[PDB]
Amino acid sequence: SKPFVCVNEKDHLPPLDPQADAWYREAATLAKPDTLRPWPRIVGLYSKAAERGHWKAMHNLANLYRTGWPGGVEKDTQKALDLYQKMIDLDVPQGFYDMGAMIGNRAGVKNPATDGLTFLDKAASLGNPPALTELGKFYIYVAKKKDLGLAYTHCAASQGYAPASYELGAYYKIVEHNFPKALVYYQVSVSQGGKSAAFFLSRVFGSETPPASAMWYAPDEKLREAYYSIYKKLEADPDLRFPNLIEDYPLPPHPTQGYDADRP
């Protein structure tokens, strides 16, 4: 029960195979457009990459099998589990996070690869941004361990993981009622590929949004569209980023709270 040191998930990853990553990136691209996609081919590429050890291909493919959302991909819980175990075999931090969502978090302590840790803790122990963000959500709100959660959520966003920066904005908006500091973190989330934050900032600066939901920020026509367009761009391609967003559009002041509710 000792808080984990913040480590980069990019420190405990296996080497990325070039041949396999090409299969993976073609499959990922084919999984996007307004066909309904060549699913037998998508599965072929993903699996081919997975057999060579590609860990994102294992993650993407298992997400197809774990659910059954693709029209041409069968739900196969066991195929997902076996892909999750291959990830763990390579000590891939995302592999622990994915397995705990399959067979239960507490099922991790039994697994020899966790070293007596639950799946979330083991993945967070390797700096996995999803695992640290989920623990942050349990610690901040469910448990009364707000400080541990914010720390873990801060570890996740420092690695560029947008949903953690989204939880930051949510925290400041909701727990601390610090709207301008919340807006700073929602924006950082957008610049990291945050879909939900781009939509949220669209409504923040939308005229049709009830002022309460907009944190009483004044509507802004250009800001409203600049964010909704980013939301549309990430909706077609979730892998894009926006490294100039912060500089290109500095956030407006707040009529009551300013640039940080703390120091207005």
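Start at 1 with the first residue shown and count on from there.
Once the C-alpha B-factors are averaged per stretch, 18 to 26 and 242 to 250 rank with 242 to 250 first. In this entry, 134 to 142 shows the higher mean Cα temperature factor of the pair 117 to 125 and 134 to 142. Taking the deposited Cα B-factors for 218, 236, 198, 212, the highest one is held by 236. When all modelled residues of the chain are sorted by CA temperature factor, residue 231 is found within the middle third. In this PDB entry, the Cα temperature factor of residue 173 sits in the bottom third of its chain's modelled residues, the lowest group. Ranked against the other modelled residues of its chain, the C-alpha B-factor of residue 151 as given in the entry falls in the lowest third. In the PDB entry, residue 69 places in the highest third of its chain by CA B-factor. Among all modelled residues in this chain, the alpha-carbon of residue 86 has a temperature factor (C-alpha) in the lowest third.
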